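Encoded as structure tokens, the structure appears first; notes follow it.
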Amino acid sequence: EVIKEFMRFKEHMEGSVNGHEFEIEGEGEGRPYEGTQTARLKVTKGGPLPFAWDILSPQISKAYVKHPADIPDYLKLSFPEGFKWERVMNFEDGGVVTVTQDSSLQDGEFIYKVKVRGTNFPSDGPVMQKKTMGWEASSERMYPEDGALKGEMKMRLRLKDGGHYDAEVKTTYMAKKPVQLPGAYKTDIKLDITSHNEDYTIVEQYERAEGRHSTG
């Protein structure tokens with residue numbers, strides 16, 4: 001009942017990557033039970049960014065994941081109060097992103113507050129040289145641990161070049177109340193940058209996400 005078949009969200013993000021501070025705001029919309037969403041983002045402080053938008057796009061919404069009836073939808077169950085998540089991305093060239101995030105449901109809309117910290121990206125690497133070209137589809141391995149929901153995956157960035165740039169990704173999702181943890185499952189995710197201005201101070205994204213048992 002609080003999560004309708006159509007839901008909007010608002011997002012604020014603050015952080016820094018290799019010493020460069022920024023803020024981003026966005027508005028989005030999607031169909032939480034179909035696993036689909038779009039958003040319009042803008043850089044509100046510290047634009048233009050000297051690094052690849054691609055490292056921020058996965059930090060920009062797990063209430064929008066289609067779940068079968070027989071896998072508890074822990075993150076939807078957490079609303080209206082919501083959940084927090086924390087993430088580390090270890091990139092193959094020593095770059096690291098850590099994230100902390102709050103999600104809640106206020107005045108009929110999801111509210112996201114994100115804090116992103118990137119460091120140790122090589123100055124001549126594809127991130128700081130803006131030579132990435134979006135994520136391959138990812139398959140997140142979900143499992144309950146220590147009273148929380150954990151996800152682990154290898155994410156693959158495409159390079160302008162024709163090769164790949166990997167990150168090992170670990171996330172912990174913690175509902176604000178102890179709503180039902182699921183068992184082990186997979187979430188297939190694909191995120192697209194669908195529009196942007198020249199300097200990526202204005203950007204649109206689409207994501208589709210679907211949970212399924214870990215059988216193929």
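Letters A, B, ... go to the chains of the structure tokens in the order shown; residues in each chain start at 1; ligands are counted from 1 in the same order.
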Could you give me, as an MDAnalysis selection string, the residues within 9 Å of residue 20 in chain A, counting only C-alpha atoms and dropping anything in the same chain fewer than 3 positions from it? chainID A and resid 15:17 46 49:50
Name the residues of range 4-216 of chain A that fall into strand (DSSP E or B) according to DSSP on the backbone, using the chain letters and numbers of this document, as a ChimeraX atom specification. /A:7-17,20-31,36-45,66,83-91,96-106,109-119,132-135,138-145,148-159,164-175,185-196,202-212
Rounded to one decimal place, report the CA of residue 185 in chain A-CA of residue 92 in chain A distance in Å.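 CA of residue 92 in chain A lies 25.9 Å from CA of residue 185 in chain A.
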Any idea what's packed within 10 Å of residue 174 in chain A, counting only C-alpha atoms, ignoring anything in its chain fewer than 2 positions away? Could you give it as a VMD selection string? chain A and resid 74 to 75 78 82 to 86 102 147 to 150 171 to 172 176 to 179 181
Hey, which of A:215, A:7, A:77, A:25 ends up closest to residue 180 in chain A? Count only C-alpha atoms.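 Between A:215, A:7, A:77, A:25, the residue approaching residue 180 in chain A most closely is A:77.
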Give me, as a PyMOL selection string, all polymer residues having an atom no more than 12 Å from residue 190 in chain A, counting only C-alpha atoms and skipping those fewer than 5 positions away in the same chain. chain A and resi 35-37+57-58+65+134-140+155-157+205-210
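Among A:31, A:87, A:115, A:62, the residue with the shortest atom-to-atom distance to residue 12 in chain A, counting only C-alpha atoms, is A:115.
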Can you work out which one of A:121, A:143, A:22, A:6 has the shortest atom-to-atom distance to residue 187 in chain A, counting only C-alpha atoms? A:143
Nearest-residue call for residue 26 in chain A, choices A:153, A:202, A:186, A:67, using only C-alpha atoms: A:202
Residue neighbourhood residue 195 in chain A, 12 Å, only C-alpha atoms, exclusion window fewer than 6 positions, as a PDB file with N, CA, C and O atoms, in the first residue's frame:
```pdb
ATOM      1  N   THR A  38      13.733   5.450 -14.211  1.00  0.00           N
ATOM      2  CA  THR A  38      14.511   6.511 -14.864  1.00  0.00           C
ATOM      3  C   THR A  38      14.712   7.699 -13.932  1.00  0.00           C
ATOM      4  O   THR A  38      13.994   7.834 -12.953  1.00  0.00           O
ATOM      5  N   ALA A  39      15.763   8.461 -14.186  1.00  0.00           N
ATOM      6  CA  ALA A  39      16.039   9.656 -13.401  1.00  0.00           C
ATOM      7  C   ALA A  39      16.747  10.687 -14.249  1.00  0.00           C
ATOM      8  O   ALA A  39      17.488  10.347 -15.191  1.00  0.00           O
ATOM      9  N   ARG A  40      16.503  11.935 -13.870  1.00  0.00           N
ATOM     10  CA  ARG A  40      17.210  13.125 -14.364  1.00  0.00           C
ATOM     11  C   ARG A  40      18.119  13.623 -13.248  1.00  0.00           C
ATOM     12  O   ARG A  40      17.560  14.063 -12.188  1.00  0.00           O
ATOM     13  N   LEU A  41      19.430  13.713 -13.503  1.00  0.00           N
ATOM     14  CA  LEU A  41      20.401  14.172 -12.498  1.00  0.00           C
ATOM     15  C   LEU A  41      21.067  15.458 -12.997  1.00  0.00           C
ATOM     16  O   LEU A  41      21.230  15.641 -14.227  1.00  0.00           O
ATOM     17  N   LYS A  42      21.439  16.305 -12.052  1.00  0.00           N
ATOM     18  CA  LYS A  42      22.280  17.470 -12.352  1.00  0.00           C
ATOM     19  C   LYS A  42      23.326  17.593 -11.253  1.00  0.00           C
ATOM     20  O   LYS A  42      23.029  17.318 -10.034  1.00  0.00           O
ATOM     21  N   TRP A  53      31.438   9.882 -15.050  1.00  0.00           N
ATOM     22  CA  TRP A  53      30.104   9.770 -14.445  1.00  0.00           C
ATOM     23  C   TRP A  53      29.850   8.311 -14.022  1.00  0.00           C
ATOM     24  O   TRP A  53      29.149   8.102 -13.003  1.00  0.00           O
ATOM     25  N   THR A 201      27.117  17.494 -16.613  1.00  0.00           N
ATOM     26  CA  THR A 201      26.524  18.271 -15.511  1.00  0.00           C
ATOM     27  C   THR A 201      25.020  18.028 -15.512  1.00  0.00           C
ATOM     28  O   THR A 201      24.406  18.242 -14.496  1.00  0.00           O
ATOM     29  N   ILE A 202      24.479  17.535 -16.630  1.00  0.00           N
ATOM     30  CA  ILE A 202      23.069  17.103 -16.755  1.00  0.00           C
ATOM     31  C   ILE A 202      23.040  15.707 -17.373  1.00  0.00           C
ATOM     32  O   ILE A 202      23.653  15.495 -18.418  1.00  0.00           O
ATOM     33  N   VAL A 203      22.411  14.729 -16.727  1.00  0.00           N
ATOM     34  CA  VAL A 203      22.532  13.291 -17.120  1.00  0.00           C
ATOM     35  C   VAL A 203      21.177  12.613 -16.855  1.00  0.00           C
ATOM     36  O   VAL A 203      20.517  12.998 -15.880  1.00  0.00           O
ATOM     37  N   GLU A 204      20.780  11.681 -17.711  1.00  0.00           N
ATOM     38  CA  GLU A 204      19.615  10.791 -17.451  1.00  0.00           C
ATOM     39  C   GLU A 204      20.084   9.338 -17.408  1.00  0.00           C
ATOM     40  O   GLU A 204      20.947   8.962 -18.206  1.00  0.00           O
ATOM     41  N   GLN A 205      19.465   8.524 -16.551  1.00  0.00           N
ATOM     42  CA  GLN A 205      19.771   7.070 -16.442  1.00  0.00           C
ATOM     43  C   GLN A 205      18.483   6.260 -16.406  1.00  0.00           C
ATOM     44  O   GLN A 205      17.522   6.760 -15.809  1.00  0.00           O
ATOM     45  N   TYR A 206      18.599   5.012 -16.833  1.00  0.00           N
ATOM     46  CA  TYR A 206      17.565   3.957 -16.754  1.00  0.00           C
ATOM     47  C   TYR A 206      18.193   2.724 -16.116  1.00  0.00           C
ATOM     48  O   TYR A 206      19.316   2.394 -16.467  1.00  0.00           O
TER      49      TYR A 206
END
```
Find the spatial neighbours of residue 69 in chain A, counting only C-alpha atoms, within a cut-off of 12 Å - ignore same-chain residues fewer than 4 positions away - and output them as a compact mmCIF listing (two decimals) with N, CA and C atoms, in the first residue's frame.
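Output file out-v4.txt follows:
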```txt
# COMPACT_ATOMS: atom_id res chain seq x y z
N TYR A 33 7.48 -2.72 -8.69
CA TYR A 33 7.10 -4.14 -8.82
C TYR A 33 7.51 -4.68 -10.19
N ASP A 73 10.93 -9.53 -0.28
CA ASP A 73 11.44 -8.26 -0.86
C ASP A 73 11.76 -7.34 0.32
N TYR A 74 12.82 -7.72 1.02
CA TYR A 74 13.30 -7.11 2.27
C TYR A 74 13.32 -5.58 2.14
N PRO A 182 15.53 -12.44 3.26
CA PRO A 182 15.39 -13.53 2.31
C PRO A 182 16.51 -14.57 2.52
N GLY A 211 15.01 -9.85 -9.36
CA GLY A 211 15.53 -10.91 -8.48
C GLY A 211 14.98 -12.27 -8.86
N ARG A 212 15.79 -13.32 -8.70
CA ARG A 212 15.44 -14.71 -9.09
C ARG A 212 16.28 -15.67 -8.24
N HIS A 213 15.85 -16.91 -8.14
CA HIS A 213 16.63 -17.94 -7.41
C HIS A 213 17.97 -18.13 -8.13
```
